[PDB]
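Per chain, numbering begins at 1; letters A, B, ... match sequence-line order.
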Amino acid sequence: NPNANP
Amino acid sequence: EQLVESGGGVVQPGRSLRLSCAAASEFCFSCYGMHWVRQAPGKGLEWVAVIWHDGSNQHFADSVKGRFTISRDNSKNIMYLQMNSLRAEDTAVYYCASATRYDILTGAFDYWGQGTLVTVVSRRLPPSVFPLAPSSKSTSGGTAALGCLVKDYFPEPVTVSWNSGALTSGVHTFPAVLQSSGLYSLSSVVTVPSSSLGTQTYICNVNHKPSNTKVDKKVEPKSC
Amino acid sequence: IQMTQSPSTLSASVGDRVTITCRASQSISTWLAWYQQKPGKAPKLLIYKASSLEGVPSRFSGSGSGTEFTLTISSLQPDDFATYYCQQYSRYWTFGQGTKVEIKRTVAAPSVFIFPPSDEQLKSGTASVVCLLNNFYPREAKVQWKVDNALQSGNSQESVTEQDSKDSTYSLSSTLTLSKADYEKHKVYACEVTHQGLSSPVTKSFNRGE
(Lines give C-alpha, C1' and ligand atoms only; values in the text may rest on other atoms or scores of the structure.)
Protein backbone atom coordinates (compact mmCIF):
# COMPACT_ATOMS: atom_id res chain seq x y z
CA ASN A 1 0.00 0.00 0.00
CA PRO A 2 1.69 3.21 -1.20
CA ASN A 3 -0.50 5.34 1.08
CA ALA A 4 0.52 6.53 4.53
CA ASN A 5 -1.29 4.88 7.42
CA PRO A 6 -3.23 7.66 9.23
CA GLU B 1 -7.50 19.75 -3.59
CA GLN B 2 -6.24 19.82 -7.18
CA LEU B 3 -3.45 18.32 -9.30
CA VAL B 4 -1.74 20.29 -12.08
CA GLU B 5 0.66 18.49 -14.42
CA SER B 6 3.40 20.34 -16.29
CA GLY B 7 6.38 19.80 -18.56
CA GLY B 8 4.85 18.12 -21.61
CA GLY B 9 5.87 18.94 -25.15
CA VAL B 10 7.25 17.73 -28.47
CA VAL B 11 10.69 16.06 -28.57
CA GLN B 12 12.65 13.65 -30.76
CA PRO B 13 13.09 9.94 -30.02
CA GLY B 14 15.80 9.41 -27.42
CA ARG B 15 15.41 12.85 -25.85
CA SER B 16 14.35 13.31 -22.23
CA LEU B 17 11.40 15.03 -20.57
CA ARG B 18 10.78 15.88 -16.90
CA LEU B 19 7.07 16.00 -16.09
CA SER B 20 5.84 17.59 -12.86
CA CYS B 21 2.59 17.30 -10.91
CA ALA B 22 1.90 20.00 -8.32
CA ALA B 23 -0.81 19.52 -5.70
CA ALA B 24 -2.78 22.39 -4.21
CA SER B 25 -1.95 22.98 -0.56
CA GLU B 26 -5.47 21.98 0.53
CA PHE B 27 -4.42 18.47 -0.55
CA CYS B 28 -2.41 16.36 1.84
CA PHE B 29 0.38 15.55 -0.60
CA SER B 30 2.41 13.80 2.13
CA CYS B 31 -0.45 11.39 2.91
CA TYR B 32 -0.97 9.48 -0.34
CA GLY B 33 0.98 7.61 -2.97
CA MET B 34 1.11 9.47 -6.27
CA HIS B 35 0.54 7.66 -9.57
CA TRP B 36 1.02 8.34 -13.27
CA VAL B 37 -1.62 7.21 -15.77
CA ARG B 38 -1.15 7.90 -19.48
CA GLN B 39 -3.46 7.67 -22.49
CA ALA B 40 -2.31 7.50 -26.09
CA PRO B 41 -4.60 9.81 -28.12
CA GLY B 42 -6.38 6.79 -29.59
CA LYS B 43 -6.32 3.97 -27.05
CA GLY B 44 -7.34 3.84 -23.39
CA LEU B 45 -5.72 4.11 -19.98
CA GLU B 46 -2.42 2.48 -19.02
CA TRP B 47 -0.99 2.71 -15.52
CA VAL B 48 2.64 3.86 -15.61
CA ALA B 49 4.25 4.50 -12.24
CA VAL B 50 3.73 5.16 -8.54
CA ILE B 51 5.89 6.64 -5.79
CA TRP B 52 5.11 5.94 -2.14
CA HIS B 53 4.00 8.69 0.23
CA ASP B 54 7.44 9.15 1.81
CA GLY B 55 9.42 8.33 -1.33
CA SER B 56 10.64 5.09 0.26
CA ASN B 57 9.34 2.87 -2.56
CA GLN B 58 8.27 3.10 -6.19
CA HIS B 59 6.88 0.87 -8.92
CA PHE B 60 6.91 1.04 -12.71
CA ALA B 61 4.98 -0.72 -15.43
CA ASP B 62 7.18 -3.07 -17.45
CA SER B 63 6.34 -0.77 -20.38
CA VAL B 64 8.56 1.99 -18.95
CA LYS B 65 10.72 0.14 -16.41
CA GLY B 66 14.40 0.99 -16.80
CA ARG B 67 13.70 4.27 -18.62
CA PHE B 68 11.48 6.28 -16.25
CA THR B 69 12.44 7.50 -12.78
CA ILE B 70 10.09 9.03 -10.23
CA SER B 71 10.67 11.35 -7.27
CA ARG B 72 8.68 13.58 -4.95
CA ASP B 73 9.66 16.54 -2.78
CA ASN B 74 7.02 16.56 -0.05
CA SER B 75 8.04 20.02 1.19
CA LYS B 76 7.66 21.57 -2.27
CA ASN B 77 4.43 19.56 -2.81
CA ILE B 78 5.65 18.40 -6.24
CA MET B 79 6.18 14.98 -7.80
CA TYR B 80 8.52 14.66 -10.79
CA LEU B 81 8.50 12.07 -13.58
CA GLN B 82 11.86 11.90 -15.36
CA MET B 83 11.31 10.28 -18.77
CA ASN B 84 14.40 9.07 -20.64
CA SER B 85 14.87 7.08 -23.86
CA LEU B 86 11.60 8.36 -25.30
CA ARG B 87 10.11 6.42 -28.22
CA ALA B 88 7.01 6.65 -30.40
CA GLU B 89 5.08 4.41 -27.99
CA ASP B 90 5.45 7.12 -25.33
CA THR B 91 3.28 9.65 -27.19
CA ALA B 92 0.28 10.13 -24.88
CA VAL B 93 -1.48 12.43 -22.44
CA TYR B 94 0.04 12.00 -18.98
CA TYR B 95 -2.28 12.28 -15.98
CA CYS B 96 -1.08 12.24 -12.40
CA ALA B 97 -3.58 10.60 -10.07
CA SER B 98 -4.10 9.71 -6.42
CA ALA B 99 -6.29 7.32 -4.40
CA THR B 100 -7.00 9.24 -1.19
CA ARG B 101 -9.33 6.68 0.47
CA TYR B 102 -7.18 4.49 2.69
CA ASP B 103 -7.81 0.77 3.10
CA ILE B 104 -5.57 -2.31 3.26
CA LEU B 105 -5.00 -1.79 -0.47
CA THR B 106 -5.49 1.54 -2.25
CA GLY B 107 -5.89 2.24 -5.95
CA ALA B 108 -9.23 3.93 -6.65
CA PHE B 109 -8.10 7.23 -8.15
CA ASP B 110 -10.56 9.89 -7.00
CA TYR B 111 -8.29 12.83 -7.92
CA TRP B 112 -6.83 13.43 -11.38
CA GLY B 113 -5.39 16.32 -13.36
CA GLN B 114 -6.01 17.68 -16.83
CA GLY B 115 -2.90 15.89 -18.10
CA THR B 116 0.06 16.97 -20.21
CA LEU B 117 0.48 15.91 -23.83
CA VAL B 118 3.83 14.36 -24.77
CA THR B 119 4.48 13.85 -28.49
CA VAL B 120 7.56 11.97 -29.69
CA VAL B 121 8.07 12.72 -33.39
CA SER B 122 10.93 13.58 -35.74
CA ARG B 123 8.82 15.14 -38.52
CA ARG B 124 7.01 18.48 -38.26
CA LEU B 125 5.04 20.34 -40.92
CA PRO B 126 2.91 23.45 -40.31
CA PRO B 127 -0.78 23.77 -41.19
CA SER B 128 -2.24 25.88 -43.96
CA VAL B 129 -5.56 27.45 -42.97
CA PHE B 130 -8.26 28.36 -45.49
CA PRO B 131 -11.67 29.91 -44.80
CA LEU B 132 -14.83 27.93 -45.49
CA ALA B 133 -16.97 30.93 -46.32
CA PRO B 134 -20.75 31.13 -45.90
CA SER B 135 -22.64 31.57 -49.17
CA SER B 136 -26.11 30.99 -50.58
CA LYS B 137 -25.05 27.33 -50.86
CA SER B 138 -24.13 27.04 -47.15
CA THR B 139 -27.32 28.74 -45.89
CA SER B 140 -30.11 26.26 -45.09
CA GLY B 141 -32.90 28.70 -44.31
CA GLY B 142 -32.01 31.01 -41.45
CA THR B 143 -28.90 29.05 -40.44
CA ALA B 144 -25.53 29.75 -42.03
CA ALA B 145 -22.46 27.52 -41.80
CA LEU B 146 -18.86 28.72 -41.93
CA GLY B 147 -15.55 27.24 -40.93
CA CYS B 148 -11.83 26.76 -41.46
CA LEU B 149 -9.90 24.11 -43.38
CA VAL B 150 -6.67 23.15 -41.57
CA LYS B 151 -4.63 21.15 -44.04
CA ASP B 152 -1.32 19.38 -44.66
CA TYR B 153 0.06 19.45 -41.11
CA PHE B 154 2.00 17.00 -38.95
CA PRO B 155 1.91 15.77 -36.31
CA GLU B 156 -1.38 15.84 -34.43
CA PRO B 157 -2.97 17.76 -32.87
CA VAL B 158 -4.10 21.23 -33.94
CA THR B 159 -6.20 23.23 -31.51
CA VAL B 160 -8.75 25.49 -33.18
CA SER B 161 -10.79 28.05 -31.25
CA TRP B 162 -13.31 30.56 -32.57
CA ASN B 163 -12.93 34.20 -31.49
CA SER B 164 -10.33 33.30 -28.84
CA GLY B 165 -12.66 30.93 -26.98
CA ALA B 166 -15.70 33.22 -26.85
CA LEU B 167 -17.58 31.14 -29.44
CA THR B 168 -18.11 27.42 -28.74
CA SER B 169 -21.85 26.75 -29.17
CA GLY B 170 -22.66 24.78 -32.30
CA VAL B 171 -18.96 24.30 -33.07
CA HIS B 172 -17.82 21.01 -34.60
CA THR B 173 -14.10 20.27 -34.98
CA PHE B 174 -13.86 17.05 -36.95
CA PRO B 175 -11.26 14.37 -36.16
CA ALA B 176 -8.29 14.64 -38.48
CA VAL B 177 -8.08 12.54 -41.63
CA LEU B 178 -4.83 11.05 -42.93
CA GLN B 179 -4.15 12.22 -46.48
CA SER B 180 -2.17 10.44 -49.18
CA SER B 181 0.68 12.78 -48.22
CA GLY B 182 0.93 11.22 -44.77
CA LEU B 183 -0.07 14.67 -43.47
CA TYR B 184 -3.26 15.44 -41.58
CA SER B 185 -6.24 17.62 -42.46
CA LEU B 186 -9.37 18.62 -40.58
CA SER B 187 -12.15 21.19 -40.65
CA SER B 188 -13.75 23.27 -37.91
CA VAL B 189 -17.29 24.43 -38.67
CA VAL B 190 -19.88 26.47 -36.78
CA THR B 191 -23.52 27.32 -37.43
CA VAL B 192 -24.71 30.91 -37.00
CA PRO B 193 -27.77 32.96 -37.96
CA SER B 194 -27.79 34.01 -41.60
CA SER B 195 -28.92 37.49 -40.52
CA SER B 196 -25.75 37.97 -38.44
CA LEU B 197 -23.02 37.55 -41.07
CA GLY B 198 -22.88 41.27 -41.85
CA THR B 199 -22.77 42.34 -38.19
CA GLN B 200 -20.82 39.57 -36.40
CA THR B 201 -17.15 38.69 -36.85
CA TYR B 202 -15.87 35.10 -36.91
CA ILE B 203 -12.14 34.37 -36.52
CA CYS B 204 -10.84 30.82 -36.20
CA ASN B 205 -7.62 30.56 -34.18
CA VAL B 206 -5.46 27.62 -35.27
CA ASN B 207 -2.50 26.65 -33.08
CA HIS B 208 0.10 23.99 -33.96
CA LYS B 209 2.74 23.81 -31.23
CA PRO B 210 5.12 21.36 -33.01
CA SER B 211 5.58 23.86 -35.86
CA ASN B 212 5.22 27.06 -33.77
CA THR B 213 2.27 28.03 -35.97
CA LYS B 214 -0.32 30.44 -34.55
CA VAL B 215 -2.76 31.89 -37.08
CA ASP B 216 -6.00 33.85 -36.99
CA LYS B 217 -8.22 33.84 -40.08
CA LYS B 218 -11.29 36.05 -40.39
CA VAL B 219 -13.94 34.01 -42.22
CA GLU B 220 -15.57 36.68 -44.36
CA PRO B 221 -18.86 35.80 -46.08
CA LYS B 222 -18.72 35.12 -49.80
CA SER B 223 -21.99 36.98 -50.50
CA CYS B 224 -22.65 34.62 -53.43
CA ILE C 1 -2.80 -9.03 -14.04
CA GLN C 2 -4.77 -8.59 -17.27
CA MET C 3 -8.28 -7.14 -17.40
CA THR C 4 -10.94 -7.53 -20.08
CA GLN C 5 -14.27 -5.77 -20.61
CA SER C 6 -17.33 -6.91 -22.55
CA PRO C 7 -18.58 -5.57 -24.75
CA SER C 8 -16.32 -2.96 -26.33
CA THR C 9 -19.18 -0.91 -27.81
CA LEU C 10 -22.79 -0.74 -26.63
CA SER C 11 -25.82 1.19 -27.88
CA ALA C 12 -28.93 1.79 -25.79
CA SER C 13 -31.89 4.14 -25.51
CA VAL C 14 -32.45 6.71 -22.78
CA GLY C 15 -34.10 4.86 -19.90
CA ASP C 16 -32.66 1.45 -20.76
CA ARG C 17 -30.68 -0.64 -18.27
CA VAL C 18 -27.14 -1.40 -19.45
CA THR C 19 -24.54 -3.79 -18.03
CA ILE C 20 -20.74 -3.86 -18.38
CA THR C 21 -18.72 -6.95 -17.47
CA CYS C 22 -15.06 -6.94 -16.44
CA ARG C 23 -12.91 -10.08 -16.32
CA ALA C 24 -9.57 -10.56 -14.56
CA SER C 25 -6.70 -12.83 -15.57
CA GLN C 26 -6.10 -14.05 -12.01
CA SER C 27 -8.41 -13.68 -9.01
CA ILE C 28 -8.55 -10.13 -7.75
CA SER C 29 -10.69 -10.49 -4.64
CA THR C 30 -12.74 -7.30 -4.32
CA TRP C 31 -10.34 -4.46 -5.24
CA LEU C 32 -11.91 -3.05 -8.41
CA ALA C 33 -12.75 0.47 -9.56
CA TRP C 34 -15.03 1.70 -12.36
CA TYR C 35 -14.28 4.96 -14.17
CA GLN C 36 -16.22 7.20 -16.54
CA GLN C 37 -14.29 9.21 -19.13
CA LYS C 38 -16.07 11.54 -21.49
CA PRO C 39 -13.58 12.38 -24.26
CA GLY C 40 -13.03 15.97 -23.12
CA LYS C 41 -11.61 15.53 -19.62
CA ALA C 42 -9.89 13.16 -17.21
CA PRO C 43 -11.70 10.04 -15.96
CA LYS C 44 -14.08 10.32 -13.01
CA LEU C 45 -14.18 7.56 -10.41
CA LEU C 46 -17.60 5.93 -10.07
CA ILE C 47 -17.36 2.95 -7.68
CA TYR C 48 -14.55 1.28 -5.76
CA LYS C 49 -13.91 -2.15 -4.24
CA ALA C 50 -16.35 -3.74 -6.71
CA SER C 51 -19.58 -2.50 -5.13
CA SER C 52 -19.07 0.59 -2.97
CA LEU C 53 -20.20 3.83 -4.63
CA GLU C 54 -19.10 7.37 -3.81
CA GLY C 55 -20.28 8.24 -9.31
CA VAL C 56 -22.85 10.05 -7.15
CA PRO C 57 -25.96 9.24 -9.25
CA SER C 58 -27.74 6.44 -7.41
CA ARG C 59 -28.38 4.78 -10.79
CA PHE C 60 -24.92 3.16 -10.88
CA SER C 61 -24.26 -0.27 -9.40
CA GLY C 62 -21.32 -2.63 -8.97
CA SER C 63 -21.12 -6.37 -8.55
CA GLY C 64 -18.58 -9.17 -8.58
CA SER C 65 -15.79 -11.14 -6.91
CA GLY C 66 -12.87 -13.31 -7.96
CA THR C 67 -12.61 -12.71 -11.71
CA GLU C 68 -16.09 -11.59 -12.88
CA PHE C 69 -17.35 -8.07 -12.17
CA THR C 70 -20.27 -6.05 -13.52
CA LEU C 71 -21.26 -2.38 -13.66
CA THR C 72 -24.90 -1.52 -14.39
CA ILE C 73 -26.80 1.72 -14.96
CA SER C 74 -30.34 1.74 -13.56
CA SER C 75 -31.78 4.25 -16.02
CA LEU C 76 -29.66 5.53 -18.89
CA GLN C 77 -29.52 9.31 -19.10
CA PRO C 78 -28.05 11.07 -22.17
CA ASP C 79 -25.17 12.46 -20.07
CA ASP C 80 -23.64 8.96 -19.90
CA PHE C 81 -22.21 8.85 -23.43
CA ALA C 82 -18.66 7.92 -22.46
CA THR C 83 -16.08 5.15 -22.30
CA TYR C 84 -16.12 3.14 -19.07
CA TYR C 85 -13.02 1.44 -17.64
CA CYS C 86 -12.58 -1.20 -14.96
CA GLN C 87 -9.38 -1.22 -12.92
CA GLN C 88 -8.05 -3.71 -10.38
CA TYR C 89 -5.85 -2.74 -7.45
CA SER C 90 -5.01 -6.06 -5.77
CA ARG C 91 -1.61 -6.76 -7.37
CA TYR C 92 -0.42 -3.28 -8.42
CA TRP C 93 -2.77 -1.36 -10.76
CA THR C 94 -3.97 -2.36 -14.23
CA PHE C 95 -6.83 -1.05 -16.38
CA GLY C 96 -9.30 -2.57 -18.79
CA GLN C 97 -9.57 -1.64 -22.45
CA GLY C 98 -12.82 0.29 -22.00
CA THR C 99 -16.42 0.25 -23.17
CA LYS C 100 -18.00 2.88 -25.40
CA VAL C 101 -21.65 3.54 -24.53
CA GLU C 102 -23.47 5.08 -27.49
CA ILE C 103 -27.02 6.38 -27.13
CA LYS C 104 -29.96 5.52 -29.39
CA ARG C 105 -32.26 8.46 -30.15
CA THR C 106 -34.96 9.04 -32.74
CA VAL C 107 -34.22 9.72 -36.39
CA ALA C 108 -32.91 13.19 -37.27
CA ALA C 109 -32.23 14.31 -40.83
CA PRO C 110 -29.00 16.19 -41.63
CA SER C 111 -28.78 19.81 -42.66
CA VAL C 112 -26.45 19.93 -45.66
CA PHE C 113 -24.07 22.75 -46.55
CA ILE C 114 -21.38 23.00 -49.23
CA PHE C 115 -18.30 25.22 -49.39
CA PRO C 116 -16.47 26.13 -52.62
CA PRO C 117 -12.67 26.32 -52.37
CA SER C 118 -11.32 29.56 -50.96
CA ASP C 119 -9.54 32.06 -53.18
CA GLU C 120 -6.36 31.73 -51.11
CA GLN C 121 -6.14 27.95 -51.51
CA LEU C 122 -6.72 28.17 -55.27
CA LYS C 123 -3.75 30.51 -55.67
CA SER C 124 -1.55 27.71 -54.27
CA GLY C 125 -2.59 25.02 -56.77
CA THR C 126 -5.18 22.84 -54.98
CA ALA C 127 -8.98 23.01 -54.73
CA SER C 128 -10.73 21.34 -51.79
CA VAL C 129 -14.54 21.23 -51.89
CA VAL C 130 -16.19 20.54 -48.53
CA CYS C 131 -19.69 19.15 -47.96
CA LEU C 132 -21.06 19.28 -44.41
CA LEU C 133 -23.76 17.11 -42.83
CA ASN C 134 -24.76 18.60 -39.47
CA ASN C 135 -26.65 17.15 -36.49
CA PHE C 136 -28.10 13.88 -37.78
CA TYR C 137 -28.91 10.40 -36.47
CA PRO C 138 -28.27 7.56 -37.08
CA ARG C 139 -24.59 7.67 -38.04
CA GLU C 140 -25.00 5.87 -41.38
CA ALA C 141 -25.15 8.32 -44.29
CA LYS C 142 -24.17 8.19 -47.96
CA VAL C 143 -22.52 11.17 -49.66
CA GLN C 144 -21.94 11.27 -53.42
CA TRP C 145 -19.75 13.78 -55.24
CA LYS C 146 -21.01 14.77 -58.69
CA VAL C 147 -19.01 17.03 -61.01
CA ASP C 148 -20.94 18.15 -64.11
CA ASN C 149 -23.57 15.50 -63.30
CA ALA C 150 -20.84 12.85 -63.16
CA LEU C 151 -20.25 10.61 -60.14
CA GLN C 152 -16.77 10.81 -58.60
CA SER C 153 -14.55 8.09 -57.16
CA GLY C 154 -11.31 8.06 -55.22
CA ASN C 155 -10.82 11.78 -54.50
CA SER C 156 -12.85 12.40 -51.32
CA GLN C 157 -12.32 11.74 -47.61
CA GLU C 158 -14.91 11.52 -44.84
CA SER C 159 -14.90 12.47 -41.17
CA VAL C 160 -17.49 11.77 -38.46
CA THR C 161 -17.67 13.59 -35.15
CA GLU C 162 -18.20 11.74 -31.91
CA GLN C 163 -21.73 11.72 -30.54
CA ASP C 164 -22.73 15.07 -29.06
CA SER C 165 -23.34 14.98 -25.31
CA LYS C 166 -26.55 17.06 -25.52
CA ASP C 167 -28.53 16.02 -28.61
CA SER C 168 -26.70 12.70 -29.27
CA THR C 169 -26.39 13.50 -32.98
CA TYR C 170 -23.49 13.26 -35.42
CA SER C 171 -21.93 15.64 -37.92
CA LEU C 172 -20.12 14.44 -41.04
CA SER C 173 -17.43 15.93 -43.27
CA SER C 174 -16.80 15.12 -46.94
CA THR C 175 -13.85 16.82 -48.67
CA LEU C 176 -13.37 16.47 -52.43
CA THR C 177 -9.77 17.39 -53.28
CA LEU C 178 -8.57 18.19 -56.80
CA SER C 179 -5.75 20.10 -58.42
CA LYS C 180 -6.46 23.66 -59.54
CA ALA C 181 -6.15 22.73 -63.22
CA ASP C 182 -8.52 19.78 -62.81
CA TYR C 183 -10.89 22.04 -60.85
CA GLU C 184 -11.10 24.72 -63.56
CA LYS C 185 -11.95 22.05 -66.17
CA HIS C 186 -15.50 21.77 -64.76
CA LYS C 187 -18.31 24.11 -63.74
CA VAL C 188 -20.91 22.59 -61.37
CA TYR C 189 -19.93 20.69 -58.20
CA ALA C 190 -22.72 18.95 -56.28
CA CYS C 191 -23.10 16.94 -53.07
CA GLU C 192 -25.93 14.38 -53.00
CA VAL C 193 -26.75 13.14 -49.49
CA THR C 194 -28.62 9.92 -48.70
CA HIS C 195 -29.85 9.29 -45.15
CA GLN C 196 -32.68 7.56 -43.31
CA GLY C 197 -34.24 10.82 -42.10
CA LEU C 198 -34.44 12.02 -45.72
CA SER C 199 -37.23 10.77 -47.97
CA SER C 200 -35.46 12.20 -51.04
CA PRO C 201 -31.69 12.69 -51.47
CA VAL C 202 -30.90 16.35 -50.78
CA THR C 203 -28.42 17.98 -53.16
CA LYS C 204 -26.41 21.12 -52.42
CA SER C 205 -24.38 22.44 -55.34
CA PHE C 206 -22.59 25.48 -56.72
CA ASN C 207 -21.28 26.79 -60.04
CA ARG C 208 -17.61 27.76 -60.21
CA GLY C 209 -16.74 31.39 -60.89
CA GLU C 210 -19.87 32.72 -59.18
Side-chain angles (χ1 to χ4, degrees), chain B residues 123-135 138 145-160 172-190 202-208 210-213 215-219 221 224, chain C residues 112-119 121-133 143-160 171-184 186-191 204-210:
Chain B
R123 182 200 187 200
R124 315 186 187 195
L125 279 153
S128 295
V129 184
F130 306 117
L132 298 165
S135 84
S138 61
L146 53 99
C148 275
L149 180 53
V150 187
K151 196 187 167 100
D152 288 326
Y153 67 96
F154 192 92
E156 285 196 80
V158 285
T159 54
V160 48
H172 290 108
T173 302
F174 291 92
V177 302
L178 180 61
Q179 302 186 99
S180 308
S181 39
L183 310 185
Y184 295 95
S185 166
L186 60 73
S187 283
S188 205
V189 305
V190 57
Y202 299 105
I203 299 167
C204 82
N205 327 111
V206 177
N207 187 233
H208 191 246
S211 70
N212 194 232
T213 306
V215 293
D216 295 340
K217 206 76 72 173
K218 203 182 61 213
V219 188
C224 327
Chain C
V112 188
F113 312 82
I114 184 173
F115 305 90
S118 67
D119 273 338
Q121 187 198 18
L122 283 169
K123 283 179 283 226
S124 322
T126 293
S128 285
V129 197
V130 177
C131 185
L132 167 65
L133 280 53
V143 163
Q144 293 283 55
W145 278 109
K146 304 209 194 186
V147 179
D148 286 314
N149 236 335
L151 188 270
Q152 289 301 282
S153 148
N155 38 4
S156 67
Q157 296 182 276
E158 270 194 18
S159 190
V160 191
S171 309
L172 191 132
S173 209
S174 192
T175 307
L176 176 81
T177 293
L178 319 155
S179 64
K180 205 219 309 215
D182 274 301
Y183 174 63
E184 232 177 319
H186 305 94
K187 187 136 308 304
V188 47
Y189 293 81
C191 177
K204 294 292 152 63
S205 63
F206 74 98
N207 281 295
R208 193 184 103 268
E210 310 188 311

Query raised in the report: Roughly how far, to the nearest 0.5 Å, is OG1 of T177(C) from CG of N155(C)?
Result: 8.0 Å
Query - Distance in Å, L186(B) CG paired with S188(B) OG, rounded so as to fall on 0.5 Å steps - result: 7.0 Å
Requested in this report: Could you tell me whether the side chain of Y184(B) reaches within less than 4.5 Å of the side chain of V177(B), counting heavy atoms only?
Outcome: no
Query raised in the report: Is there a donor-acceptor contact under 3.5 Å from the side chain of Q121(C) to the main chain of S128(C)?
Result: yes
Query raised in the report: Considering only heavy atoms from C-beta outward, does the side chain of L132(B) approach that of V130(C) to under 4.5 Å?
Result: yes
Query raised in the report: Under a 4.5 Å cut-off applied to non-hydrogen side-chain atoms, are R208(C) and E184(C) in contact?
Result: yes
Query raised in the report: Between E210(C) and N207(C), does any side-chain donor sit less than 3.5 Å from a side-chain acceptor?
Result: no
Query raised in the report: Do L183(B) and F154(B) come within less than 4.5 Å of each other through their side chains, counting heavy atoms only?
Result: yes
Query - Interatomic spacing from CG in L149(B) to OG1 in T175(C) - rounded to 0.5 Å - result: 6.5 Å
**Report entry** OH on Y153(B) to OG on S211(B), rounded to 0.5 Å
**Finding:** 11.0 Å
Query raised in the report: Which word best sums up how the rings of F206(C) and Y183(C) line up, parallel for under 30°, tilted for 30 to 60°, or perpendicular for over 60°?
Result: tilted
Query raised in the report: Looking just at side-chain N and O atoms, do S173(C) and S159(C) make a donor-acceptor pair shorter than 3.5 Å?
Result: no
Query raised in the report: Should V143(C) and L172(C) be marked as a side chain to side chain contact (heavy atoms under 4.5 Å, CB included) after you check the CA-CA gap, both sets of side-chain angles, and the distance that decides it?
Result: CA-CA 10 Å; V143(C) 163; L172(C) 191 132; 4.1 Å; yes
Report task. Return the orientation label for the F174(B) and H172(B) ring planes: parallel under 30°, perpendicular over 60°, tilted otherwise. Result -> tilted
Query raised in the report: Where do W145(C) and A190(C) come nearest, in terms of heavy atoms and distance?
Result: CE3-O, 3.1 Å
Report summary line: Minimal heavy-atom distance between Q157(C) and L178(B), with the atoms involved, is NE2-O, 2.9 Å
Query raised in the report: Would a 4.5 Å heavy-atom cut-off, applied to side chains only, mark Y189(C) and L178(C) as touching?
Result: yes
Report summary line: Heavy-atom closest pair (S181(B) atom, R123(B) atom, distance to 0.1 Å) is O-NH2, 3.6 Å
Query - Donor-acceptor contact present, side-chain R124(B) to main-chain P210(B), <3.5 Å - result: yes
Query raised in the report: So, does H208(B) use its side chain to make a donor-acceptor pair with the main chain of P155(B) at under 3.5 Å?
Result: yes
Query raised in the report: Just checking, is any N or O donor in the side chain of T126(C) or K180(C) under 3.5 Å from an acceptor N or O on the other one?
Result: no
Query raised in the report: Are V190(B) and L146(B) close enough, and set up right, to give a side chain to side chain contact (heavy atoms under 4.5 Å, CB included), and what steps lead you there?
Result: CA-CA 6 Å; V190(B) 57; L146(B) 53 99; 3.7 Å; yes
Query raised in the report: Donor-acceptor pair, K204(C) side chain versus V112(C) backbone, under 3.5 Å?
Result: yes
Query - Note, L133(C) side chain near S171(C) side chain (heavy atom, < 4.5 Å) - result: no
**Report entry** side chain to side chain contact (heavy atoms under 4.5 Å, CB included) assessment of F113(C) paired with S135(B)
**Finding:** CA-CA 9 Å; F113(C) 312 82; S135(B) 84; over 6 Å; no
Query raised in the report: Could you go step by step and tell me if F115(C) and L132(C) meet the side chain to side chain contact (heavy atoms under 4.5 Å, CB included) rule?
Result: CA-CA 8 Å; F115(C) 305 90; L132(C) 167 65; 4.1 Å; yes
Report summary line: When every non-hydrogen atom of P131(B) is compared with those of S118(C), the smallest separation belongs to O-CB, 3.5 Å
Report summary line: Note: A133(B) and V219(B) closest approach over all heavy atoms is CA-CG1, 4.1 Å
Query - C204(B) vs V160(B) side-chain heavy atoms within contact, under 4.5 Å - result: yes
Requested in this report: Using a 4.5 Å cut-off on heavy atoms from C-beta on, say whether the side chain of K217(B) contacts that of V206(B).
Outcome: no
Query raised in the report: Between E156(B) (side chain) and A176(B) (backbone), is there a donor-acceptor pair under 3.5 Å?
Result: no
